[PDB]
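Notes to accompany the following structure.
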Amino acid sequence: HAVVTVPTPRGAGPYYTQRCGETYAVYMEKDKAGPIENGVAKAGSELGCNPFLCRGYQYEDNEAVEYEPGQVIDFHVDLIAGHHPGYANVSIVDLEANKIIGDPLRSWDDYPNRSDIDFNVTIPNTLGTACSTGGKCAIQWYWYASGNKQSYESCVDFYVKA
Ligand SMILES: *[C@@H]1O[C@H](CO)[C@@H](O[C@@H]2O[C@H](CO)[C@@H](O[C@@H]3O[C@H](CO[C@H]4O[C@H](CO)[C@@H](O)[C@H](O[C@H]5O[C@H](CO)[C@@H](O)[C@H](O)[C@@H]5O)[C@@H]4O)[C@@H](O)[C@H](O[C@H]4O[C@H](CO)[C@@H](O)[C@H](O)[C@@H]4O[C@H]4O[C@H](CO)[C@@H](O)[C@H](O)[C@@H]4O)[C@@H]3O)[C@H](O)[C@H]2NC(C)=O)[C@H](O)[C@H]1NC(C)=O
Ligand SMILES: *[C@@H]1O[C@H](CO)[C@@H](O)[C@H](O)[C@H]1NC(C)=O
Ligand SMILES: [Cu+2]
């Protein structure tokens, strides 16, 4: 059980409830640190979002922050319950394709272990126009608890002027 608290990641809003459905939205907001699979299972055929992209949180409910190439961003992860074994990465995802841009900004082969709950990441110089405006990219923190086959996600929407 864990979730990013800094920077402020995407949270619930109207499009979230509309697109994921009441069952997913209500189950997943009773514990913002819970894994995704349990919400998918409860929702069954009601589910209408991709809960493996930003936990199903939606761009239109949130606002993208402006970052400069080479800028360093401090992350804090509120860790309610550690699970072993497992791995994590923090990467820039292209929201339209659901594919990572370039390399992971940070990778752990064993997560959690404190360079795991309090860490930073650097914006590349190599992004081009790919993140030029809001809603094209986000920084996704992703943790897979292999022991429990549990997925944890948080997103930070951002743009870099190209
Ligand atoms: C580093 O962190 C990153 C994140 O930043 C991690 O990457 C993520 O890892 C997860 C887990 O692997 C990925 O989620 C999974 O994605 C699966 C692959 O699918 C995509 O393929 C194509 C082309 O890209 C798309 O078209 C697909 O989209 C379609 O489906 C989605 C919804 O799934 C729709 O919204 C679209 O409209 C498309 O039609 C995919 O994006 C995906 O299969 C998988 O979901 C299956 O599994 C879950 C349960 O686990 C089910 O709820 C769901 O129904 C899916 O089930 C299908 O497949 C299984 C077989 O596995 C069958 O049993 C089912 O019956 C059914 O056919 C899940 O969404 C995530 O996308 C990926 N994120 C990235 C890359 O950004 C890295 O792993 C991590 N790495 C390290 C080292 O840390
Ligand atoms: C970023 O993380 C490294 C690794 O902990 C740390 O030592 C470094 O000083 C941090 N940089 C900033 C600017 O906070
Ligand atoms: Cu947990």
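Is there any pair with a first residue in region 68-81 that is outside any strand (DSSP E or B) and a second that is within 11 Å of ligand 2 (Cβ to nearest atom) whose Cβ atoms are under 7 Å apart and which are 6 or more apart or on different chains, and what are they?
Sorted first by the residue in region 68-81, then by its partner, the pairs are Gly70/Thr122.
Going residue by residue through region 23-35, is there one that turns out to be within 15 Å of ligand 1 (Cβ to nearest atom) and among the acidic types (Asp, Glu)?
no
Of all residues in region 1-29 being within 17 Å of the chain's Cα centre (by Cα), surrounded by 15 or more Cβ atoms within 10 Å (Cβ to Cβ) and among the aliphatic types (A, V, I, L, M), which is nearest to ligand 2 (Cβ to nearest atom)?
If we take residues in region 1-29 being within 17 Å of the chain's Cα centre (by Cα), surrounded by 15 or more Cβ atoms within 10 Å (Cβ to Cβ) and among the aliphatic types (A, V, I, L, M), then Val4 is nearest to ligand 2 (Cβ to nearest atom).
Filter region 126-155 for residues that are within 11 Å of the chain's Cα centre (by Cα) and either within 16 Å of ligand 2 (Cβ to nearest atom) or small (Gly, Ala, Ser) (or both); which is farthest from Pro112 (Cα to Cα)?
Across region 126-155, the extreme among qualifying residues is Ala138.
Looking only at residues in region 113-125 that are hydrophobic (A, V, I, L, M, F, W, C) and outside any strand (DSSP E or B), which one is farthest from the chain's Cα centre (by Cα)?
Ranking the qualifying residues of region 113-125, first place goes to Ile123.
Any read-out appearing in this document is the output of simple, stated calculations on the displayed coordinates, not a laboratory observation. Note that each Cβ is placed from the backbone with ideal geometry, even for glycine, and that neighbours are counted across all protein chains shown.
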